[PDB]
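Undergrad: Using the entry's author numbering, the first residue of the sequence shown is number 3, and each one after it goes up by one.
Using N, Cα and C, we set each Cβ at its ideal position, and we do this for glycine too.
Below: one structure in structure tokens.
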Amino acid sequence: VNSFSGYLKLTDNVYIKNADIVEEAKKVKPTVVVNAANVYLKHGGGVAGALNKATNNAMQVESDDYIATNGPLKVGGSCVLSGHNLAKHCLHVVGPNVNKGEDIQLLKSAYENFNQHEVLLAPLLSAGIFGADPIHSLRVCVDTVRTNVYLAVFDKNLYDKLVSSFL
Ligand SMILES: OC[C@@H]1CCCN(c2ncnc3[nH]c4cc(F)ccc4c23)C1
């Protein structure tokens, strides 16, 4: 039993809710919140800008030190950093950005990072400003992630379409 509330169950291990991931993180304080990161960990907008703003820019300060030491992530890759006031840990995952021309096949590699964590609160990778089809992202999530994932979808209209079209 865990503290996630109001989710629709899609499969054995995938759950979905129309929610603001920032507000959901503030309430649940999950072990892991996933960020929709880019390779530079520049958290300017989308999910990343919102999560970083909620940490009062502490996420960005930590991220800048990470990049100065380690260099950029790979598209499809991830790193574990602090969750600050939102979660124990933040898993920064880089899905392909279609608006940069990145290969959508890398979306499966991106979701594989979730399997290193037993339970996660996450957004749909490569959705939103990353330019992928969120229906496709949900399908890849369900077919790739085997650990327990609680998906927060900010847009109510999109949430209803994702549920209604789910096979
Ligand atoms: O849904 C399409 C976009 C892009 C893909 C996923 N994004 C989110 N997903 C879950 N929670 C979210 N809180 C947010 C707060 C913001 F200021 C911006 C985006 C989100 C956000 C929204």
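What's the C-alpha gap between residue 41 and residue 7?
TA: Straight-line Cα distance between these residues: approximately 32 Å.
Undergrad: Smallest Cα separation from residue 98: which of 88, 32, 75, 83?
TA: Per the Cα distances, 75.
Undergrad: Give the range of the alpha helix (DSSP H) segment to which residue 110 is assigned.
TA: It spans 108–114 - the alpha helix (DSSP H) in which residue 110 sits, taken as one unbroken run.
Undergrad: Measuring from the CB of residue 6, is there a heavy atom of ligand 1 at a distance below 8 Å?
TA: No - ligand 1 has no heavy atom lying nearer than 8 Å to the Cβ of residue 6.
Undergrad: Please report the straight-line C-alpha distance between residue 5 and residue 30, rounded to a whole angstrom.
TA: For residue 5 and residue 30, the distance between alpha carbons rounds to 6 Å.
Undergrad: What do you reckon, are the CB atoms on residue 35 and residue 124 nearer than 9 Å?
TA: In contact: residue 35 and residue 124 (Cβ atoms closer than 9 Å).
Undergrad: Exposed or buried, what is residue 49 when buried is set at 16 or more other beta-carbons lying within 10 Å of its beta-carbon?
TA: Buried: at least 16 other Cβ atoms inside 10 Å.
Undergrad: Could you check what DSSP says for residue 24 in three-state terms: helix, strand or coil?
TA: Note: residue 24 maps to helix in three-state DSSP.
Undergrad: Which residue marks the beginning of the alpha helix (DSSP H) containing residue 45, and which one marks its end?
TA: Premise fails: residue 45 is in no alpha helix (DSSP H) and is neither H nor E.
Undergrad: Ligand 1 heavy atoms versus the CB of residue 168: any closer than 8 Å?
TA: Residue 168 Cβ: outside cutoff for every heavy atom of ligand 1.
Undergrad: Does residue 29 come out as helix, strand or coil in the three-state DSSP assignment?
TA: Residue state, collapsed to three classes: helix.
Undergrad: With DSSP as the reference, identify every bridge partner of residue 17, one or two as the case may be.
TA: Answer is 11, 152, bridged to residue 17.
Undergrad: Checking 9 Å against the spacing of the C-beta atoms, do residue 2 and residue 168 come in under that value?
TA: As shown, the chain starts at 3 and ends at 169. That puts residue 2 outside it, with no answer to give.
Undergrad: Can you tell me where the alpha helix (DSSP H) with residue 123 in it begins and where it stops?
TA: Careful: residue 123 lies outside any alpha helix (DSSP H), inside the beta strand (DSSP E) at 121–124.
Undergrad: Taking residue 80 as part of the beta strand (DSSP E), name the residues at either end of that continuous run.
TA: Residues 80–84.
Undergrad: Taking just the CA atoms, how far does residue 81 sit from residue 57?
TA: About 18 Å.
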